[PDB]
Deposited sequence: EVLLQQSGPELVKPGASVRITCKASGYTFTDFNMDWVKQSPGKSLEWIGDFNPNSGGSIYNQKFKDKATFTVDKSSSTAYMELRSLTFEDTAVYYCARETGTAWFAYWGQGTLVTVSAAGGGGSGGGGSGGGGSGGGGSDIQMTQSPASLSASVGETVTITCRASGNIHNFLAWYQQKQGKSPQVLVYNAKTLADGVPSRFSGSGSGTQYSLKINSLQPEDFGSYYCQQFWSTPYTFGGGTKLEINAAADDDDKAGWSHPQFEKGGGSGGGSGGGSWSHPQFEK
């Protein structure tokens, strides 16, 4: 019943500005923080910042401090993100993701593709392996290494092609609601693992880890898993 519905795609010229909409439903809007995430084509996820609909306060990743502006419309349960002075580097899919107390993301919008065309006139997360291919029924292990202690504030996400990520594990070992028992998270300090027992055909896709211990929140580069 929780849904985050984003505005449609945008094809804009360099130097323009766009406003992405995120319409939240199925819960009290002010109760949780809303985060904005960017994903360049064939790239990893990047944290833009977070917005508190209740306080009106926002924290931006320094990389986007001059690029993004977050706003809200409490009445209509909608969060907005203004992107200004658009360049070719800004071509990406932008997501809004909802927090649940701490910044692990149980809910994501479908994503808004922003295409910049002129045709008409800090904790590092090291993920490993970067890619792997395995047969159905086998076991796979993806590891995650943090440049600093993240005190078990880690989440694992699975992302199918053309789709938004979905949480598998949060708080290093807590299996998210509706996720099969095949998935298990472990680790502590700076070293974490995601184990997928008995691989299924639906398990292909990209896998990401995320730390939410220290701002700016960061993701690992991802692991592309292919099923034979």
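Student: What residue ranges of the deposited sequence are absent from the coordinates?
Tutor: No C-alpha for residues 122-139, 247-284.
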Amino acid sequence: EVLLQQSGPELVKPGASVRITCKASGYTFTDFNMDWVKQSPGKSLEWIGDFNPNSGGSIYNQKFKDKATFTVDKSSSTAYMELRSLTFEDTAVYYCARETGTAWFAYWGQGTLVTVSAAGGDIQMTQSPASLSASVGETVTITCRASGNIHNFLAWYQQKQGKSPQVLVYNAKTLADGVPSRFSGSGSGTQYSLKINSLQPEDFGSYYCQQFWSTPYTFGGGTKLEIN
From here on, numbers count along this sequence of modelled residues.
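Student: Check the entry's C-alpha temperature factors for 98-106 and 112-120, then say which stretch has the higher mean.
Tutor: For C-alpha atoms only, the mean B-factor is higher in 112-120.
Student: May I ask you to compare 82-90 and 145-153 by their mean CA B factor in the entry and name the higher one?
Tutor: So the stretch with the higher mean C-alpha B-factor is 82-90.
Student: Looking at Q158, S133, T126, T71, which has the highest Cα B-factor in the entry?
Tutor: Comparing C-alpha B-factors across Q158, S133, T126, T71, the maximum falls on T71.
Student: Could you tell me which one of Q191, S164, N171, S198 shows the highest CA temperature factor in the PDB record?
Tutor: Top of the list by C-alpha B-factor: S198.
Student: State the tercile, meaning the lowest, middle or highest third, of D66 with respect to the CA B-factors recorded for its chain.
Tutor: Answer is highest: the recorded C-alpha B-factor places it there.
Student: Ordered by C-alpha B-factor within the chain, which third holds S206? Give me lowest, middle or highest, please.
Tutor: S206: CA B-factor falls in the middle third of its chain.
Student: How does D177 rank on Cα B-factor within its chain, lowest, middle or highest third?
Tutor: Highest third, going by the recorded CA B-factors of the chain.
Student: Which third, lowest, middle or highest, does the CA B-factor of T28 fall in along this chain?
Tutor: It belongs to the middle third of the chain when residues are ordered by C-alpha B-factor.
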